[PDB]
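Q: Experimental coordinates follow, after the sequence.
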Amino acid sequence: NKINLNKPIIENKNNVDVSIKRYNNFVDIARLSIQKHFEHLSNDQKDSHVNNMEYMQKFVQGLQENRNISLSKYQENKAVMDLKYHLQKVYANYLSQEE
Ligand SMILES: CCCCCCCCCCCCCCCCCCCC(=O)O[C@H](COC(=O)CCCCCCCCCCCCCC)COP(=O)(O)OCCN
C-alpha cells in the first residue's frame, strides 16, 4: 500500500466518471497521503516538489491502482490540480513553522 514514483506516467484512457462521493472521498485520501510524503521530504526537496506536476500525477496514478479505483481522465486532471492547491497550503504551514 505504498506508491512507486519510479513508474512512468501513463495516459488515462478511462472516460467514465466515478460518482462525486467517490471522487471527493478519494481526493481526501490522496490529500493526506501526499501530505505525509511531502512532509517527510527534505527542505530542498519540498521546494522542488510543491508545484511539481509530474510528482502529483504519479501520486494520483499510484493511488488509483492501489485503491483499485479508476477515475476518468477528466477526474484525474482535476484531482492533480486539487493536490497542487493542497500542497501549497501544506508548504505554507511548513514555512511558517520554520520561521
Ligand atoms: C481542482 C481544484 C480543487 C481545489 C479544491 C479546493 C477545496 C478547498 C480545500 C478544503 C479546505 C480545507 C483546507 C484546510 C487548510 C489546509 C492547510 C493545512 C494543511 C496542514 O499541513 O495541516 C496539518 C494538519 O492538518 C489540519 O488538520 C489543519 C487544517 C487547518 C484547518 C483550517 C481551520 C479552518 C476551520 C475549519 C472550518 C470548516 C470549513 C467548512 C468548509 C499539519 O501538519 P501535520 O499535522 O501533518 O504534521 C506537521 C506538524 N508537525
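A: In hand now; what should we look at? Residues are numbered from 1 along each chain as shown.

Q: what sits against the spatially closest residue to residue 72 that is not a sequence neighbour?
A: Closest residue to residue 72 apart from its sequence neighbours, by Cβ to Cβ, 6 or more residues apart in numbering: residue 17 at 4.6 Å. To be clear about C-beta, it is placed using only N, CA and C from the backbone, and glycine gets the same treatment. Contact analysis of residue 17 by Cβ atoms under 8 Å, 6 or more residues apart in numbering lists 23, 71-72, 74-75.

Q: what secondary structure does residue 17 sit in?
A: coil (DSSP: H, G, I helix; E, B strand; the rest coil).

Q: what about the helices in this protein?
A: Taking DSSP state H as the criterion, the chain contains helices spanning 20-40, 43-49, 53-66, 73-98.

Q: Stretch 12-20 near the ligand anywhere?
A: No. Stretch 12-20 does not reach the ligand (Cβ under 6 Å from any ligand atom); its nearest approach is 12.8 Å.
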